[PDB]
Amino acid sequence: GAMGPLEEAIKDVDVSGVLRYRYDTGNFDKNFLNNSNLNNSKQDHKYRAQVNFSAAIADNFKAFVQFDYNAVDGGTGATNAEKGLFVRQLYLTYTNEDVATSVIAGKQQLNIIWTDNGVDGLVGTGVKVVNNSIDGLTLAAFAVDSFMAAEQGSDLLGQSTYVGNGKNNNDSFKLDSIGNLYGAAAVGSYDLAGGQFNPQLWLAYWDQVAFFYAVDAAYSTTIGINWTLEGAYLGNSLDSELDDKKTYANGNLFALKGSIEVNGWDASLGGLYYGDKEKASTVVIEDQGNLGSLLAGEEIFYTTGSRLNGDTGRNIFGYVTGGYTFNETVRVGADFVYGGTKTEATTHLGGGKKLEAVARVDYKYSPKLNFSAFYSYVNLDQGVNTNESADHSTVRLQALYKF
């Protein structure tokens, strides 16, 4: 067949992507409760690259593809990854401008409130309809019939484990099967006089799993003293398949955070309440959902009993964060998170008071290239032996390039 110049063909195509290097080390003393989600890296060199292409195919049609490279070179003792790129997203977008509506069909990162919306977000295959007729307001309905589960491993509900009672692979939240996911969302962004108001409502029926419902409201000023306030409730009501088992509970999470910025300083204060004393519950579908703005620390919400994607235990946490930014370039800062998990089990496995301190540096070298580092210290008041405390420390150096 005929072939046209590559130079002509690329004119039709937009591109973006990410290149991320992490060097992670996570140590644990003997008494620490370990699990599939805590950082167990031993001086690993981790690379994650994604390149996204979007091509205007025909009038009102776009095709999108994402290639992903996800690899680790071991530091001490040691693999050196030999991997290629995989097609991580592949979809078609139809846009009818006359009614401000788009239909997105195929393998796509889901980007819902209960999944990670970043680099490593849950992917699935389905259809999404998005309407933007009302200025500031995005309305969406979606249906998903399969999930790219394997790539996520322990991030996905039902695929995480924890160590305890002579077993290394206790199932945090047992899921025998999963159905389609149907839902809808209303997401607002309104520029008001004093600042910007971002309310969201999300509803979703995940067949065989649960009915999920979430409401969030954020308000953010834009003047000297800038401040934000954000609150969220996420709950779910279990499907009968799980309800009949009597060892699960409906999910509830309440969260509130305030923050302030002035003269290069920033601080934040917040809290959250979630989980059940005696029964396994979940807040999100994958990892920490899109809840990053309402959490703090790095490792504490991965501790057994406190995970947001399946665990037993009632959690209450408060936190404060603060830092100073030199020259709008280098921010040095810290997080302190304190709280605990209440358990009804006689073992109280995962229970007790928990604390995390994190020292942070973030260096914005250019608008596209950011270097960062953290040192996280987590302390459990009750470890494997519950009458003794336990420490876990994690160090990360990261380079992050976006284009």
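Numbers follow the displayed sequence, beginning with 1.
Unmodelled deposited residues between residue 77 and residue 78: 1 to 3, per the record. Count the deposited residues lacking coordinates between residue 223 and residue 224 and you get 1 to 3 of them.
Higher mean CA B-factor, judged across 349-357 and 63-71 from the recorded values: 349-357.
Comparing 260-268 with 179-187, the stretch with the higher mean C-alpha B-factor in the PDB entry is 260-268. Taking only the listed residues 54, 34, 50, 343, the entry reports the highest CA temperature factor at 343.
For the set 134, 92, 284, 144, the PDB entry puts the maximum C-alpha B factor at 134.
Annotation for residue 380: CA B-factor lies in the middle third of the chain's modelled residues.
Per the PDB record, residue ranking by Cα B-factor puts residue 6 in the middle third of the chain. When all modelled residues of the chain are sorted by CA temperature factor, residue 273 is found within the middle third. Placement of the Cα temperature factor of residue 16 within the chain: lowest third of the modelled residues, per the deposited record. Residue 30 sits in the highest third of its chain by CA B factor, as recorded in the PDB entry.
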